[PDB]
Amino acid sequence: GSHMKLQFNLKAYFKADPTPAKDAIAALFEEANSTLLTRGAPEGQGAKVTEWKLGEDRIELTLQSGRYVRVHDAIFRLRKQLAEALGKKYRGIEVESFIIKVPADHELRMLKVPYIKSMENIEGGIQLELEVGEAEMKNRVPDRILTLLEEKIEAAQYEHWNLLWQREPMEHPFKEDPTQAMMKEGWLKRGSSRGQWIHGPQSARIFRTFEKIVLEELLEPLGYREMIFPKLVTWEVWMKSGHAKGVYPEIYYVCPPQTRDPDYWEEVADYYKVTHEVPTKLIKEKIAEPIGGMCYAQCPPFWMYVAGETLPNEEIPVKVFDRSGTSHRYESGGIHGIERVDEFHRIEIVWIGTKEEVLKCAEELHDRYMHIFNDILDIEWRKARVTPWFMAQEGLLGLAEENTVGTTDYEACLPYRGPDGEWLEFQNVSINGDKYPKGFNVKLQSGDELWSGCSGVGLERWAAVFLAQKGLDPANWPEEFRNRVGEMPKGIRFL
């Protein structure tokens, strides 16, 4: 909320190479200042050369602009015309100083950011001194530095949740924490890794049944075709999805070995055989740099399937889904139950189409979920419009400023947490907009905007919710569920 004009200040010089040629130089700058540097900006808002002088090889000038026709774009418009002044009538760009004045209400603490020489507060905003050459300006690095600095200006000026639908409350006769109940009765045990669980037969039958319910009650009637998305995700995929914009604190990073040469690894082996300890420090030195991380969001890697491609109109809506593996996230410390794991199992659902087709597809899923949760699971739940899954996993909060782009969360209560217990999110549906098509460069034959959507069904969360509300004895389950399950298997009884 500061009205200070966003402004760019370039001080540069050009470098075939005479000295006295200034007639057209004067006449070009005016024919730029009131014509060439106009195009793009609204009336009286284009760029301007404000002063200039000369050398024997070089031609220095000061250049100014606001948000339209920016100096680092304006200067290449100039070199173009200035190249057709002293071509047949009678080589590069250097930068003396680059300054951006950005509007801001609050001070902002200086950080290790590349291409920034200095930064300090001024009247109504912040002034940056950039350390940039011509290569950088073609790359549009000043533009990207401005997007960053604004993101952070928003962040300082500062979570979203608001109701859409709720179920009439139900009597809750099972009041214990399902993970404790399942451990006590042989359904599961803890995995070796953090936030990890080994599912015995009883627990596994629950997951499989939930899975089966999604296939028969949602995925088939709606026309979804199974795919197999990969589970090792690379920077390439996260750059295009946008997760490379800040997912870093929550991923499990993967590093391949630098080589299979077993002589290179001989030293690791030996340590272990002598000490019976694994030398993790030594391994860290022998492993490659990370190539990415374990599946975090599940859809991102599907999009390599359609990257760089065009889709015929006959071929949309593309409705696919994946159930081929585990997702991994580094959650908050503290031991939890299945309601907050690090290794989880999700059925990722994805659709591409037009703005309209996408919403219709989203509506259809909402319909089939309500049938399942009301009629088959018979659980107590609700849904709310929330901060988008793509926004959150990329560091940022708030909502998206397109009416219908965002995430709808499904939440259920857990009777063991008491009347004031925070409810648990267990299902989502998101309209992603044009984000994923744009990012992976996926075009549409007839040339309209491609939109996408996605929904993830966390099995561990369905289980937390269904078991907290119904217990583990089948007799008390909805009989519609009890049909799906068949006969419950026996656990592995220990002594």
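For every residue, the number given is its place in the sequence shown, counted from 1.
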Quiz item: In at least one third of the other PDB entries compared, is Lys470 left unmodelled?
Solution: no
Quiz item: For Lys189, do at least a third of the other compared PDB entries give no atomic coordinates?
Solution: no
Exercise. Might you work out how many residues are unmodelled in the deposited sequence between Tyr158 and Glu159, and answer none, 1 to 3, 4 to 9, or 10 or more?
Key: 4 to 9
Self-check item: Size class of the missing deposited segment between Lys15 and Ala16
Solution: 1 to 3
